[PDB]
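Just one chain follows, in the form deposited in one PDB entry, and it is written as structure tokens.
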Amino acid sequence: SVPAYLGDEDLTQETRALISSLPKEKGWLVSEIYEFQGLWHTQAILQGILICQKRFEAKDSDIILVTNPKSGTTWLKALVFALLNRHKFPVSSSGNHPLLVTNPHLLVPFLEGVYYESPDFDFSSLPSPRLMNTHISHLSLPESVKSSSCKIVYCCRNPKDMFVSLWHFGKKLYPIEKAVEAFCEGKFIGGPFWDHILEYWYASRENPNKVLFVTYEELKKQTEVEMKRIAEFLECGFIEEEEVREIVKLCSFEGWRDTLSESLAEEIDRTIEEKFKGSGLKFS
């Protein structure tokens, strides 16, 4: 009858009611999720964001990569990080490049977990500009990130793709057809999914100098194309074609299509089209 007990008890001696007052669901998949600023968070993700907002101090030099919960981010982390550092750490430095020395999930911090398990971590001690990547949805960014001039890179994956993500946990740690109902309803780890996509979409169309929307499927189909387009969203000059090829070349060392059945796909397909009808965002 009490939220779970996770870390830094101290900062929880005066902050533990807000959490215990939000709507929560249930089932067996996840324990006690809570609805915060419009979305349902696992208790873990929520305690983080909660300070992740109270403390994060953006810098116009930052660059936030936004992705969905549980889908791999390696390549998305290794990729760009390699793009920015082409002179600091030449893409030709092979074994000396940060990607051949340090795991990509230490080089590009997930605030959420940084603030979750290490609430005192000092991001101001990392080098600027900064590269990191998060799960949050628009309307929950650190005041500066919103009122600052960094650069947003939103990396979207088809829901049916993001769905399998959350599903995995339910496989590792009410069949799949049930979990889909929840996903499509929106009271599911990370949803209602059609908003953990549409505001960064309309966010990109509205203020294209701060927010960029890239589909993970196109990032894969034409990697060199999308990268040329990403580097032109937060840079200041020209980028050779061979520059982009040298980067992807370096990063080469880093689904539903086989998990859902036609009906559950169509089911999500029916909600995609609907939720995304008229918005301009069409899913392949």
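Shifts are known only where both forms have a C-alpha. Here, rigid core means the biggest group of C-alpha atoms that superpose within 1.5 Å across both forms. The first residue of the sequence shown is number 1, and the count goes up from there.
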Are any deposited residues left out of the model between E254 and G255, and how many (none, 1 to 3, 4 to 9, 10 or more)?
-> 10 or more
With respect to the deposited sequence, how many residues separating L173 from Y174 are not represented by coordinates: none, 1 to 3, 4 to 9, or 10 or more?
-> 4 to 9
Tell me which of 161 to 169 and 145 to 153 has the higher mean C-alpha B-factor in the deposited entry.
-> 161 to 169
As the entry reports it, the stretch among 76 to 84 and 181 to 189 with higher mean C-alpha B factor is 181 to 189
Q53, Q222, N68, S61, ranked by C-alpha B-factor: the highest one | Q222
Chain-relative C-alpha B factor for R229 (record values, thirds): the middle
What third of its chain's C-alpha B-factors does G237 belong to: lowest, middle or highest?
-> highest
Please rank the C-alpha B-factors of the chain's modelled residues and tell me whether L29 sits in the lowest, middle or highest third.
-> highest
Quick one: classify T259 as lowest, middle or highest third of the chain based on its Cα B-factor.
-> highest
Just say lowest, middle or highest third for the CA B-factor of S204 relative to the other modelled residues in its chain.
-> lowest
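Absent from the display: the form deposited in another entry. The rest refers to it.
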Rigid core superposition between the shown form and the other one: residue from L29, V66, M227, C52 with Cα shift of 2 Å or more | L29
Superpose the two forms on their rigid core, then report whether the C-alpha of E9 is displaced by 2 angstroms or more between the shown form and the other one.
-> no
In sequence order, what are the runs of three or more consecutive residues whose Cα atoms each shift by at least 2 Å between the shown form and the other one, relative to the rigid core?
-> 11 to 15, 27 to 30
